[PDB]
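Listed below, chain by chain, are the residues.
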Amino acid sequence: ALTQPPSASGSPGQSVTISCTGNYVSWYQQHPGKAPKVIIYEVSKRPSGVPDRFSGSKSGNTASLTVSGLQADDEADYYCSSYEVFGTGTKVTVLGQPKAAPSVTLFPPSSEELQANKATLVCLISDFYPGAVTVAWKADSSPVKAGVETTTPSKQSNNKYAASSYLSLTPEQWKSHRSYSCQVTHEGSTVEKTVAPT
Amino acid sequence: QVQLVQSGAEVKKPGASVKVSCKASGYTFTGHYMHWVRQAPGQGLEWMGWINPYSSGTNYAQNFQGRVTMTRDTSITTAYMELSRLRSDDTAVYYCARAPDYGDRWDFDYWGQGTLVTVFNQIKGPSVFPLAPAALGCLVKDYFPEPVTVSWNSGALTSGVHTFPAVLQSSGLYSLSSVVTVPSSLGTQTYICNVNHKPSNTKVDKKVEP
């Protein structure tokens, strides 16, 4: 019941703001391959060991977590929790390397796959920094949630990130809908790739 | 000092049961609640339930009621959480966290190192379908387990080949896509993708053309 922005980033020394729309509010910092740690509790209070550069606030139905003077250690996942409900999460990056726009390539289901009563939309994203995207499949303008399987960004051989998203569809619904789109958002930068049957 | 050391990594099968321990020391074991939270690889945190170490009373989550059991041991100050009817979608890292005090019971000030569970199941020969273009590739769908080696023209082409990481589907099977970049040249050069999966002994070559 808690919604967070998919991505948020800033250069070393900048500041970023992470929203949490849904009482008290608490935030967690989780480095990759590590357990979550409390950094914010009771709206804006901080535990011991958390530097003063971390701060929080709440105004209405949304609470914000702001980190000032960004450091390399701040590059991690952040979640907001209300009692037991956890948020979607936000990926923070200290813009370590120059920014790069994602490259999107969408493939329609193959003829051989359709003969086996199967269909899969392969959307491929590569060469994007920071490593955080927002893939939302569109079926004639209406988003579809079922059958969506999206990976998480992983380091490439050029310090950038790569990911892949798949939309499993049946042959009947693939032919019925006019077209499908793979819209990916990279910190407010949405690029849409659309494919159509035949 | 407060420590929470859990059990080692476990591998189970669909329908099996796994028990995870949580060794507690350096604090009043029965004075602070113990909570269990799981997180799938690449997903968010999901609260499962809390158990009072004093009265052994539990309050499970709605989506886990009738499937998870949480116990505690006073003599060895260890909390336990056993989950039955494991599925391929239950692969997650499970952490045990401590309520900071009596009044505050949700700001978990201490977390365990985690216990990775790996619900394991059906192997399967991968299904290869060409991706006609420009860029052309092949779709390795419904295979298990990792990894799969994908080449082009028996290794003749290696520039522009991008083997994207596989996706952990809800069915427990991985799906990987490898594509190449071509000048498009499509009618002259022939492209064949060689996928080899040693665990299932499946090697199929598929030619991709527009």
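Residues numbered from 1 in each chain as written, not as in the entry; some residues may be left out. Chains lettered and ligands numbered in written order. Heavy atoms only, no water. Residues with missing side-chain atoms left out of burial classes, pairs and counts.

A.B. asks: An account of the overall build of chain B is requested, with residue identities and associated values reported.
C.D. replies: Along chain B, the regular secondary structure elements total zero helices and 18 strands. For 210 residues, the compact-globule estimate of 2.2 N^0.38 gives 17 Å, and the C-alpha radius of gyration of chain B, at 24 Å, exceeds that figure by more than 25%. Counting only C-alpha atoms, chain B reaches 75 × 30 × 30 Å along its principal axes. (Helix = DSSP H or I, 4+ residues; strand = E, 2+ residues; numbered from the N terminus. Rg over C-alpha atoms; globule rule 2.2 N^0.38 Å.)

A.B. asks: Would you mind going over the domain arrangement of chain A in detail, with residue names and values included?
C.D. replies: Residue and element names in this part refer to chain A. Once the domains are mapped, chain A shows domain 1 (7-93) and domain 2 (103-195). If you average the C-alpha positions of domain 1 and of domain 2, the two centres end up 29 Å apart. With six residues of domain 1 at the contact, the number on the domain 2 side is six residues. Of all residues in domain 1, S7, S9 and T93 bury the most surface against domain 2, accounting for 71% of the area lost on that side. If you look at where domain 1 meets domain 2, you find zero salt bridges. At the junction of domain 1 with domain 2, the criterion picks out three residue pairs in polar contact. At the level of elements, β1 (7-9) and β9 (90-93) are the ones that each hand at least two residues to the side of domain 1 that touches domain 2. Per-element tally for the side of domain 1 that touches domain 2: the top contributor is β1, with three residues. Classifying every residue of the side of domain 1 that touches domain 2 by side-chain character gives one nonpolar, three polar and two charged. (Domains from an automatic or database assignment. Contact = heavy atoms within 4.5 Å. Buried area = accessible area lost by both parts, 1.4 Å probe. Salt bridge = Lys/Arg side-chain N within 4 Å of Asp/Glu carboxyl O. Polar contact = N/O pair within 3.5 Å; in protein donor to acceptor, adjacent residues only side chain to side chain. Nonpolar A, V, L, I, M, F, W, Y, C, P; charged D, E, K, R; others polar.)

A.B. asks: I'd like a rundown of the nonpolar core, residues and numbers included.
C.D. replies: Residue and element names in this part refer to chain B. Core analysis: the biggest nonpolar cluster contains 43 residues, and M34, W36, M48, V68, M70 and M81 have the highest contact counts within it. For this core, the secondary structure elements donating two or more residues are β2 (18-25), β3 (34-39), β4 (45-51), β6 (68-73), β7 (78-83) and β8 (93-98). Discounting residues that sit within four places of it in the chain, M34 has contacts with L4, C22, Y27, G49, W50, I51, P53, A79, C96, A97 and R98. (Core = buried A, V, L, I, M, F, W, Y, C linked by side-chain atoms within 4.5 Å. Buried < 20%, exposed > 50% of the residue type's maximum accessible area, 1.4 Å probe, protein only.)

A.B. asks: Quick rundown of the sheet that holds strand β2 (residues 15-21) of chain A? Include the residues and the values.
C.D. replies: Residue and element names in this part refer to chain A. Here we have three strands laid out as an open sheet, ordered β2-β6-β5, and antiparallel in their pairing. With partners counted over all chains shown, the strands left at the sheet margins are β2 and β5 (54-59), one partner each. With strand direction ignored, the average angle separating the axes of adjacent strands in the sheet is 20°. (Pairing = 2+ DSSP bridges. Axes fitted to C-alpha atoms, helices over the stretch in contact; angles between N-to-C directions.)

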